[PDB]
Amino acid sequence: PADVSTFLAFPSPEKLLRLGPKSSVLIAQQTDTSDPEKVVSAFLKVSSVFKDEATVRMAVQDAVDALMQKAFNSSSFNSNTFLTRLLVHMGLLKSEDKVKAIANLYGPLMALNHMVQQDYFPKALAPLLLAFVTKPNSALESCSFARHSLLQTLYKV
């Protein structure tokens, strides 16, 4: 057995699967969705364990969906700040404060690919995401496959 806090502290595919069949609900339940920065953090930690394998892919996608549905459905949640901070943490947009941009964007890009196809996703964010994923950046160039896929998906939004 495992818990959400331990998973978020040191994310790994196995730790996510160890959360159980209700892992998606637990991730969203244990995240303070009233804080955009904490949602960005949870979104990146969960997506960081994405693997193109049946069980893991499903677990990450379901977690992202539960988390983002809870955050976005709050009429008070500022979706624009979420997007801005997401881009900042992904190293695609600069910020006044100092942040540690994650080293691998593969998982985050694949998670986003899934997220943008869901009903809970605010379509108004699509153009902004598209602008920064197409914008030249070394971190994106190293994840060509995930990047092209996300862009192709964004074209259909």
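A residue's number is simply how far along the shown sequence it sits, counting from 1.
I need to verify one thing: averaged over C-alpha atoms only, is the B-factor higher for 3-11 or for 147-155?
On average, C-alpha B-factors are higher across 3-11.
Average Cα temperature factor in the PDB entry - higher stretch of 39-47, 126-134:
According to the entry, 126-134 carries the higher average C-alpha B-factor.
I'd like to know which of 88, 63, 111, 103 has the highest C-alpha temperature factor in the PDB entry.
Comparing C-alpha B-factors across 88, 63, 111, 103, the top value belongs to 103.
Report the third (lowest, middle or highest) to which the CA temperature factor of residue 27 belongs, ranking only the modelled residues of the same chain.
Tercile = middle for this residue's CA B-factor.
Relative C-alpha B-factor of residue 98, binned into the chain's lowest, middle or highest third:
Highest third, going by the recorded CA B-factors of the chain.
Based on the entry's values, in what third of the chain does the Cα temperature factor of residue 84 lie: lowest, middle or highest?
CA B-factor rank for residue 84: lowest third.
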